[PDB]
Every structure is written in structure tokens, then in C-alpha cells.
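Novice: experimental structure and sequence below.
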Amino acid sequence: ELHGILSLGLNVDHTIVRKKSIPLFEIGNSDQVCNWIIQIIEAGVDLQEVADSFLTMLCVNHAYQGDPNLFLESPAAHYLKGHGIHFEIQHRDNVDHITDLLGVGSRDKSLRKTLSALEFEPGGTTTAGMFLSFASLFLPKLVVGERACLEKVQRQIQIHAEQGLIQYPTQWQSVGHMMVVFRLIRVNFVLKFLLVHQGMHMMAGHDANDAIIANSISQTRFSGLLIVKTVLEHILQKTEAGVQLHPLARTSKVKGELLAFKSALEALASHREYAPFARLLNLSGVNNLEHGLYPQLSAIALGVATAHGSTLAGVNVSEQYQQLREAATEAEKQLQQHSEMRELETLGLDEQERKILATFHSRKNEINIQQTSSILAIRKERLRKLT
Amino acid sequence: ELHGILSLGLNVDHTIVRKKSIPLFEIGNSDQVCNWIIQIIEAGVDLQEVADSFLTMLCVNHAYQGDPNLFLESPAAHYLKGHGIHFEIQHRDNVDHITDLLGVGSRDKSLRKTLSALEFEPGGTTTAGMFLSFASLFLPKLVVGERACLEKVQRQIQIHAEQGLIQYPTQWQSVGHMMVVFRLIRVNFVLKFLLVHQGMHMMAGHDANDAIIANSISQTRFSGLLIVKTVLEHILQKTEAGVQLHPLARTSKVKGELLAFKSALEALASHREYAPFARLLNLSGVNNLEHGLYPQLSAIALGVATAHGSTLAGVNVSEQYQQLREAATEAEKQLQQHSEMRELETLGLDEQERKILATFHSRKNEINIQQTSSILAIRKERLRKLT
Amino acid sequence: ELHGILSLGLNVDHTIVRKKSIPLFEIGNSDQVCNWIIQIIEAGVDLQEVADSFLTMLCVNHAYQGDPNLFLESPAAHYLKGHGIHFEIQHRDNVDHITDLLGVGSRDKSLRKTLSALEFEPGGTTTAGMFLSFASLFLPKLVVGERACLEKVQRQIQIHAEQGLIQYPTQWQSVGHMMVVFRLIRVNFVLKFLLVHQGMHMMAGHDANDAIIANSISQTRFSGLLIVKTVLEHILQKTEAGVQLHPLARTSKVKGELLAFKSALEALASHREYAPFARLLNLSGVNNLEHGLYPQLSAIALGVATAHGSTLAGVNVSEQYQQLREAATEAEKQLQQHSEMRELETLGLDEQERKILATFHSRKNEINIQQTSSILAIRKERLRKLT
Amino acid sequence: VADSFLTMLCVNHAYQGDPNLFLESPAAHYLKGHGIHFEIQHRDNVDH
RNA sequence: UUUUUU
RNA sequence: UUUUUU
RNA sequence: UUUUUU
């Protein structure tokens, strides 16, 4: 097989190509230090190389009440090492200021003077879990962009307020504070991974913050991987016997698209139980799953998927997938109509029952037209906002 | 076999024909030294024989936080040695100036006076990882040339800015700074290999810079090797049973082209998991894969590939592949039309489903004509810019 | 077999009939000495018996950073000895002038006064690797002659400038400097062999100069041995089952030509992995492969090859191969036409597919006529330049 | 060339311009067997 | 003596 | 020498 | 680069 040359360097074995060591502090006033960290986040000051340390401090405070040794024995730390990420316990005796935690060295003097410039206020009420839940609110639609993330965050804040779960400070609702939090989450990997791990792997015991985190992790599944969802749910049909390819996916080019897409999916499934969050966590083979490696397959799959759900009509694409998308949409609409009225007879039903079901199917179809057209109008409003 | 005489000296065994030793420095202020290195890069001063040392210093700072011993035990250093490239740890006690690192010797006095001429500024914010990601931005379309590389770099900077991942200094956006970075990357092998290794082999844990590097490595796959892609995806067709040769590739000359191309591909696949980056890294048997050893096969394969994807219509060729390229393009367009309407009947489908699918295939064909013509017009604009 | 008497003295066993010893110097300022060597090359002064010493010094500086002991343990030195070529390490304590390296003796006083006449300039920027790459530029088309070599050198300098790989001094671009470099390469064997060895056997790690050297070595394959290429690719056809002789090669004389040519090819393949560079390196049985031992076979093979590639129409021959060359060219053109339209039916194809392929084959044939006629016109221009 | 161009006109009239259909036509079947044959030669560009 | 393109 | 899109 | 709803 010389066609293996095309797949060289895609699904490589696991090797560690880095060495990162995040200092974790065994202190007495863990809550007080975490409040200081939240306050420096609120101040807008960027954390240089200490973002990992302080955000992992917040995560350890939330999950383990402030005992970093338990975290070093946790499965999250077990996963992170083996990818080159390690943690040090350093006992701190007295911590009067947040600058005691950061050590002396090059480029830490630059941060230390700024942090000593900030004047904190003692006994802040905001806990680390509150910040972790607020940060988790950003995980859905984070790969989409800043504004979409902020819009989803405001919506989900409303939702969680009307459940009575949480009460975020009104200064967190500001646009700028969300700007700084979005930047902090986007750049930092360990915070996102820890949020994902605690959301996924907590079987019970959720407090308000854990409930919010788990909900946002569940909503973050396959964010940035709509191509995987559309292809695997519609184009690669799943039958009782085997796997049929969609009627619209018979083109000679689309067959090659399918084989390459499969190879990329073997690459993705190597990140077991973390593949849904690959684009969020920027895992290895996520660039192998893109719109542009698979133009025909992407447009056709999204068009076929749009023909079923009225909400997928709001998905935007580049200039070059639009026409093939709606061509596939109308093709699949007509095919679904034909399949609709074709297998009623295959079921044993009276004239009366089939008659009622035909009325129901027509009614459902018009409801779907209502909804798809409404979503299209809302999307047109969104683009008009962009204009 | 006397025909083996033609293949003598092509796929030779692995032997080490060189001895290179890059000094790596175990220092205290690794970040400070790396900032000095980035500043001397920004100054435009060319690094004579120390480019390898300082760029590997930047890579060690990024990957291993500044511990070169871990790098000497890394698999990248394991690969490099055995190709004749070794590293020395030399502990430096005090480093007040960047000139302390470079040792006394012939032709180093020339560089030392220039580096002492430059006046640095303390506490530069730019980290080594930022420079590594910016340098990685150049890897796609680096073998193409300087302007195409710079254009891709600007595009990808825009893309990475709108994700919120990174924020490059505005002085890096200048044309001249990209000129110096392009020159530095083009001449230096170890920097490119280290970027390729960290992009390929990092399974998880990506920060912003690692995400950018991995994305650009994934985009750099088979850059400069479009002939391999076109031939192996279209001319050497892959069936369930065996390997069919394309109908357009039956000529007696093209058969010899195919055998020679195969031999070159056994040469290429010897660089396992690095064959995609052969032209970038200038590996052994990459000159055996060229347009000019395989004129008929190159033109025919690119023409056949252009008949499928609308984006491949933008690929330029020499004066002598153009006519055969479009001849093959029209031949494959007509053949794909005939195959298109020929295997609809081979599938069990109703009159209705086949009718809908024929409408879909026609619609797809006109979309493809739109896109190919647009790409051709854009290419005409590009040549007009050249004029 | 009395016909063995004709082959006596052609494929003889390996014996050493010489004793050459090149002094190699273990010095401190290897780069400084190599710059002096490059400057004496630039001065145009001919090197008497020291050309081998200084050029091997440059090669050792390039490959091994200046440690000749590593070179003496290198496989290139292993190959050279056993052919009668050895090296001495002589440690030099202080080298203020290039004349310190050359020892006192007969005919070295003549060179020493001239080298002391030349006034060097300290700290020359030109490295040994740059000179080695520039010298390697001459290897393709070196056996052809001086002007063709210089033309190829200028073309390849342009090519390597537009890649951004290298920047040769503008004083090297002069015609006279290329004259001196051509003479130096032509006379000297060890320089050419070392360039060939490093180009062939370096699997990875190429810097700019190594990339240039490897490219020119790959382009130098079978330079001066077009007869081997033409015969083995066309006249001695390679089938799945066995070896067919070309229809044009059935003459009773051409059969003897084929047997003698085979014997010469067993002679050539004895130089394993170096047979492609036999005429360049003037290996043992290269005079047994000539135009003049095989007049009929040479002319017929080149004519048959010209019928396939449009570029081989530019190959010149003596007064006496021309008419047989074009006679074979037209014979093979008609035969290829007949074979062309004869095996379309042998493949299972529709009327439509065969029709399209016939259009494609006609279009390809007219493109080939365009290209062959253009090459013929360019060749006519070349002869007019000679006139 | 009178035969060539007039048969070109006849092929254009009867078969819309596809000479292969004419070579499979019964008129061409009759003509050959009387010694009259036709060659398809594809022309790429015809400005004159 | 070699003659092309790479 | 490479030439597209990613 | 991602673009929906959750």
C-alpha cells in the first residue's frame, strides 16, 4: 500500500514532547488565597505563566477543599502527567499577600509589582466554586468566538438564575469582565480540562456550582465538531445489519472524503471519553477534522442534517458551502417526503389508521416549515446585526 | 535485472555523513536569554552558526521550561542524533549579556561586536512560545516562496486573532520582520524539525502557542508534494480488491512514469511519519519526486485532480504542463459525467429517488462550475498582480 | 568459449594500483583557514598537488565542523582507501598564514611564494559550505562541457535564489570565477566524490548548503550516461514476465550491440550506488559505455526515446547518428500511434469512455508535437549561437 | 477535398455534426465494400 | 569526449 | 525549485 | 478557525 503515505504522521503513538510543572501550594488560608486570585482576575490584570498555578489552585480548592496532595493523587493529575504536565507541592508558611505565592525569578518581578499595586479587600464573599461555574458557563460556544460565547453565557446565566441555583455578582455580568474571562479560558488548557473532567466524571454529590459545571460540560459536547455529528448521524447511516452510505454521498470525490473522514475519526476516538471536547481542548487530530479538508462532505452532510432539524438551519458556513448545502437540503427534503409516504404501507395498518397518520405527517411537515423559516429569519437578523 | 542500474543510489541505507554539535546552555535566566534572542531576531541581525544554538534554546524553553537535559533525553534529540546532530550541555554561571553565551573563536568575534552594538531593553514581554508559534505560521507555503508564505501568514494571523488565541506584536506584522523570519526559517533545519515534531507528536496539553503550532503543522502536511497527493488519490485508484490505474494513464510513457514514481514513493515512505514534510525538511528522496522527472504523469494527475476539486484550479504549473493539464481536465470532466449518470441505475432506487438524485447531481455540477470559474478568475488576478 | 577473448580485461577484479596520501590538518582556526582557501580559489591561482588537501579541508570543515579524525573514520574515507587514497592527520600549532599548512619540499616553494604574494583580508564571511554548494552546482552538465555547465549553473543559481535558500557573492557570479571553479572541479576527483557522497548518503539534517548539494547530486544522476538511460528504458523493454527487445532492435548487428552493452552494464553495476556518477567520477568501465562502440544501438535508442519525451529532442549527436536517429524517431512515432489506438479495445470500456479517451489521446499527441517542435527550434537557436 | 467538405455538410445535416454516428450509418456501411472509407480526425481549434 | 530536461 | 485550499 | 439548538 503506497496510499499509506497519505496517512503518515496523522495517527501517531503517544509520546511526551514537553515538560510543564505547575507549582501547587499547600497553605492554610486556601479560601483567602483563592479570593485574592478571583480579585486579581476581576482587576483585569493578565497572569503571566502563573495563570495555570492560580487557576489550578482554584480548582483544587473547589474539588478537594484545599488539599493539593489529594489532587496530585487524583485521576485528572494522573491524566495530565503522561502528557508532560506535572505539579509541585510547595508548603507556604505565611501568606499575607498574593505575591508571596509567586516565586522570585525572571519576568516574575514584572507581575509582582503590578499585583502589589492592586489593593485588595479582605473577606471577599466570592468562592472559588462560583468562579469555576462562571468560567464553565463559557465552555459551550467558546470555539465559536467571543460574542457568541458571551451571548450563550448571558442566556445561561438567565436560565440558572430562574432555577434559583446561583447568584453571580452584578459586576461579573459586565461585558468587560466576560471579555477578560473569555481570554483567560481561551488561552489556558488546564482550567478547561479540569472543568471538563469534573463535569464529566462526577457521578453524584453536585452542589450548585458542580451542577452548573456539569450542565455546561454536557452542553459543550461536540462543540466545534458539528461535522462529526452531521456526518455520523446522517451521511453514515446506521442500520440493523450494516452501515449504508447516504444516497447523496455516492460521488467519486465524496467516497474519498468518507475514507479520509473515517481515518480522522480513528484519530479522534483515540482520545477516548475526551473526543467530544477535542476542539475545545485542541487535541491532536482535531485539525484533521475540518471544513476545507472535506468540502463536499461537509456541505452535503450539513444540508442533509438541516432537512431534519429546524434548528440546524441557523448554522452558518463559508461562501463556498452555501449553495451545495441548500441543494442537498432540497434533495433530502424531497427524499424524506418520498420515504415518508413510502413506508406507511409497509406497516400493517387500516385505512383509518394510515389516514390519520398521513394527516399527522402533513401537519408535522408544515410545523417544520414554520420552524425552519423562523430560524432562517432569525439568522438573517443575526447577519444584519453583523452587516 | 539490468534495469536495477537505473535505481542505483536512490534508496540508500541510513549512514551518518556529518557531525554537527549545537551547544545548549543550562542557565538560570532562561526566559531572559530567550527574550534577548527574540530581540536580536527582531533587530534583523543575521546569526552566523549560532542560529541553531539560540533557536534550539528557544525551543527548549518552550517545550521543557528551560532544562536542556530533558531535551537531550527527548525523542527529538534521539531522532536528530543518528543523523549526525548532537547537543552539548554547557552550564553558564552569570549571563548579563547575550554575548556571554557565544564562545570565543574564529568568526564569533564578528558576531559578538554586532551583538554588543545592539542595545536591548530589559523585561521584554514576548515569550519564546510566541516566537515559536509565529515561526510555525510560516511553515505552510514556505517551500512555495516568500510572498505566498507571507500572504498565508497574514491570513492565518487574522484567523488566530478572531479565535482569540494569540496577540502578536504589531511590529511583527511588518513586512520586513516577516522577511527576516522567513529567511531564518528557510535556512535553518533544526528549528523546522522541532516545530514539526512538537506539532505532530503532542497528543494533548496544548496552550495557545502549541495549538497554533499544531494547526500549522497539520496545514503543512504534503506542502510542496502536491504531485504525491494528486497521483495517489486519483491516478493510482484504490479499489476494494486491488489498485486500478486511471484510464488517462495507459500511455506507454506514463507506465514508466508510474513505476519510477512508485520507486520514489518507497524512497519517501522510508522517512516514516515525516514523509509529509519531506520538501519542507529537504529530506533525502524528495528531489526524486519532482515535476520534470514525471512531466506526463504530473500534468495528467493534476488535470484529473482539478476535475474534482474547484480549489485545485488555482494551482500553477510551468509553460509545458498547462495544455496537457486542461486536456486531462476536460477528459476527466466528461468521464466523471458519464460515470455519474452510469451508476445511478446500478443502485436499487425508485424512479422518484433517482429523479431527485439526478436533479441534485446537476445542481452540484453547476455549483462546481461556478466555483472552478471563480478560482480561475482569482488566479488570473494573481498573475495580473505578477504581470 | 573463444568469444571470451573479446571480454578479457574489461570486468577486472578490484586491486589497488596507486598510493595517494592527502595531508589533513587538525588545527584550531579551521574556519579561518577554510576562508583563506576560498580566497586563494577566488584569486585564480592554481593549486599544485595541494588542491586535494585544501578541498578536503573544506569538505571536512563542512561535514564534521573541522575534526579530520571523524572524517578518517567516515565511510567516505573508508571507500577512498581500498582505492589507494589515504589521509594523514598533521596537527598544526599556529597558523598565521595559509602557507604554514603546505610543507617544505620540491615544487612547493613555487606555490608558497605565490601564496605569500596574495594579500588576504581577515574575517571573510564566506563559509566552506557555501563554496561546497557552489561547487556542487557545477556537477550536473560538467561532463558536457564548460559553457553548458556554466549555463546550468546560472539557471540553478536563479532557482536557488528564488527559493530563498542561499545568497552567493556577486563576484562568484562572474564568468571568470566560474571558469576557475569549473577547472578546479574537473581536474579534482576527491572533491567530486565527496560532494557525491554527502549528497547521496545524507538522509536528513540538511542545511541550505546540504540541500543545494543534495539537489545537484540528484540532478547529476546518469549525467554523461544518456545511452544507458535510453537503452534500458526503451530498447530493453521491461515486461511483467520477461525482457523484450524493441522491434527496431532486431538487426543482426544490433544484437551484438546489445550483448556488448550488457557486458558493459555488468561492468558498470560493479560500481554499486555510484554507477549513476560514473562518467562524472571517471570510473573504471565508463569508456566501455560510449557512442562509437555502439553506433547503431546509440542512434536507435536515442531516436526511440525522442519519440516519447519532447525534451530529448534537444540532445545533440555526431554527424553520423543524426539520420538513423530521426529514422528511428519516425518509426517509433508511427508504432506508438498504432499501439495507442490498438489497446484501447483491449480494455473494457464503453463507446463513450473510449470516445473520450481517443479525444484525449489526440489532444496529447498534438501537445507533444507542439513541444517537440519548440525544443527543436530552441536547439536550432543553440546551434546558430555556435554557427 | 470536395468529398471531404461535402461529406462534412452531409454529416452536419443528418447527424448534427457527429461523424462517428455517420461511420456507423448504413450509408458508410454501403460505401465501404465499394472501396470508400472515412477517417475521424479530431481538430482542436479551427479559426480558418 | 560528452551533448536534453530535471 | 515550488505553485490550490486548508 | 469555528458558526445551530441544547
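Specialist: Perfect, I can see it now. Residues are numbered from 1 along each chain as shown, chains lettered A, B, ... in the order given.
Novice: from residue A:7, how far out is the closest residue to RNA strand F within the stretch 251-387 of chain A?
Specialist: Of all residues in the stretch 251-387 of chain A, residue A:292 sits closest to RNA strand F, at 3.1 Å by C-beta to the nearest atom of the strand. Where C-beta positions appear, they are placed from N, C-alpha and C, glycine not excepted. As for residue A:292, its distance to residue A:7 is 18 Å (criterion: C-beta to C-beta, to the nearest Å).
Novice: which one of these two has more residues nearby?
Specialist: A direct count of neighbours by other C-beta atoms under 10 Å in any protein chain shown for residue A:292 and residue A:7 places residue A:7 higher, at 18 against 11.
Novice: give me the residues contacting stretch A:247-266.
Specialist: Outside stretch A:247-266, the residues within contact range by C-beta atoms under 8 Å, 6 or more residues apart in numbering or on different chains are A:7, A:10-11, A:228, A:231-232, A:235-236, A:245, A:285, A:288-289, A:293-294, A:296-297, A:300-301, A:303-304, A:328, A:331-332, A:335, B:233, B:308-309, B:336, B:339-340, B:343, B:347, B:349, B:353, B:357, B:360-361, B:364.
Novice: in the stretch 151-300 of chain A, what residue is nearest chain B?
Specialist: residue A:287 (3.6 Å; C-beta to the nearest C-beta).
Novice: isn't that residue right up against residue B:215?
Specialist: Yes - with contacts counted by C-beta atoms under 8 Å, residue A:287 reaches residue B:215, the gap being 5.3 Å.
Novice: okay, which residue is most central for chain A?
Specialist: For chain A, the residue nearest the mean C-alpha position is residue A:220 (3.6 Å; C-alpha atoms, centre = their mean).
Novice: would you mind measuring from the residue nearest to that residue when sequence neighbours are not counted to residue A:44?
Specialist: Once its chain neighbours are removed from consideration, residue A:220 has its nearest residue in residue A:139; the separation is 4.3 Å (C-beta to C-beta, 6 or more residues apart in numbering or on different chains). For residue A:139, the distance to residue A:44 under the criterion C-beta to C-beta works out to 21 Å.
Novice: before we move on, what about residue A:55?
Specialist: Using C-beta to C-beta, we find residue A:55 at a distance of 16 Å from residue A:44.
Novice: before we move on, what SS does residue A:263 have?
Specialist: Reducing the assignment at residue A:263 to three states with DSSP: H, G, I helix; E, B strand; the rest coil gives helix.
Novice: how near is the residue in the stretch 1-150 of chain A positioned nearest to RNA strand G to residue A:286?
Specialist: Closest approach of the stretch 1-150 of chain A to RNA strand G (C-beta to the nearest atom of the strand) occurs at residue A:140, with a separation of 3.4 Å. In this view, residue A:140 and residue A:286 are 17 Å apart by C-beta to C-beta.
Novice: how about residue A:43?
Specialist: Look at residue A:43 and residue A:286: by C-beta to C-beta, they are 33 Å apart.
Novice: which of the two has more residues huddled nearby?
Specialist: Each of residue A:43 and residue A:286 had its neighbours counted (other C-beta under 10 Å), and the higher figure belongs to residue A:286 (27 against 15).
Novice: list the contacts for that one?
Specialist: Contacts here follow C-beta under 8 Å, 6+ apart; on that basis residue A:286 touches A:224-225, A:268, A:278-279.
Novice: need the max-distance pair from those residues.
Specialist: Checking the contacts of residue A:286 against each other with C-beta to C-beta, the farthest-apart pair comes out as A:224 and A:268, at 12.0 Å.
Novice: out of residue A:139 and residue A:44, which sits in the busier spot?
Specialist: residue A:139 (24 against 12).
Novice: which secondary structure state is assigned to the more buried one?
Specialist: Of the three states, residue A:139 takes coil according to three-state DSSP.
Novice: and what of residue A:115?
Specialist: When classified by three-state DSSP, residue A:115 comes out as helix.
Novice: what's near enough to touch the residue nearest to it when sequence neighbours are not counted?
Specialist: In space, and not counting its chain neighbours, residue A:115 is closest to residue A:99: 5.1 Å by C-beta to C-beta, 6+ apart. Residues touching residue A:99, when contacts are defined by C-beta under 8 Å, 6+ apart, comprise A:112, A:115-116.
Novice: and for residue A:195?
Specialist: Residues touching residue A:195, when contacts are defined by C-beta under 8 Å, 6+ apart, comprise A:59, A:132, A:135-136, A:139, A:213, A:216-217.
Novice: name the single longest helix found in chain A.
Specialist: Counting by DSSP state H, the longest helix found in chain A is helix A:351-386.
Novice: that helix close to chain B?
Specialist: No - with C-beta under 8 Å from any C-beta of the partner chain as the threshold, helix A:351-386 lies outside contact range of chain B, at a closest distance of 12.8 Å.
Novice: buried stuff in that helix?
Specialist: Neighbour counts using 16 or more other C-beta atoms under 10 Å in any protein chain shown place A:368, A:372, A:375 of helix A:351-386 among the buried residues.
Novice: same thing with stretch A:200-220?
Specialist: Residues of stretch A:200-220 classed as buried by neighbour count (16+ other C-beta under 10 Å): A:200, A:208-217, A:219-220.
Novice: go on, stretch A:94-107?
Specialist: When burial is assessed from 16+ other C-beta under 10 Å, stretch A:94-107 yields the following buried residues: A:95, A:98-99, A:101-102, A:106-107.
Novice: which of the residues you listed sit farthest apart?
Specialist: A:95 and A:106 (22.7 Å).
Novice: residue ranges of the strands in chain A, please?
Specialist: Using DSSP state E, the strands of chain A run over A:20-26, A:85-91, A:236-238, A:243-245.
Novice: wait, which of the ones you listed is closest to chain D?
Specialist: The minimum distance between chain D and these falls on strand A:243-245, with 36.4 Å, by C-beta to the nearest C-beta.
Novice: just checking: what are the partner strands of that closest one?
Specialist: strand A:236-238 (antiparallel) (DSSP bridges).
Novice: picking that back up, could you measure from the residue nearest to residue A:220 over to residue A:149?
Specialist: Noted for residue A:139: a distance of 9 Å to residue A:149, by C-beta to C-beta.
Novice: and if you look at residue A:309?
Specialist: Residue A:309 sits 22 Å away from residue A:149 when distances are taken as C-beta to C-beta.
Novice: and residue A:203, by the same measure?
Specialist: Applying C-beta to C-beta, the value for residue A:203 to residue A:149 is 28 Å.
Novice: residue A:310 too?
Specialist: For residue A:310, the distance to residue A:149 under the criterion C-beta to C-beta works out to 24 Å.
Novice: chain neighbours aside, what residue packs nearest to residue A:70?
Specialist: Among residues not flanking residue A:70 along the chain, residue A:64 sits closest, at 4.4 Å (C-beta to C-beta, 6+ apart).
Novice: hang on, the one you found packs against residue A:72?
Specialist: No - between residue A:64 and residue A:72 there is no contact, the gap being 9.8 Å when judged by C-beta under 8 Å.
Novice: ok, now which ones touch the residue of chain A found nearest RNA strand E?
Specialist: When you check chain A against RNA strand E by C-beta to the nearest atom of the strand, the closest residue turns out to be residue A:5, at 20.1 Å. Residues touching residue A:5, when contacts are defined by C-beta under 8 Å, 6+ apart, comprise B:228, B:232, B:265, B:268-269, B:275.
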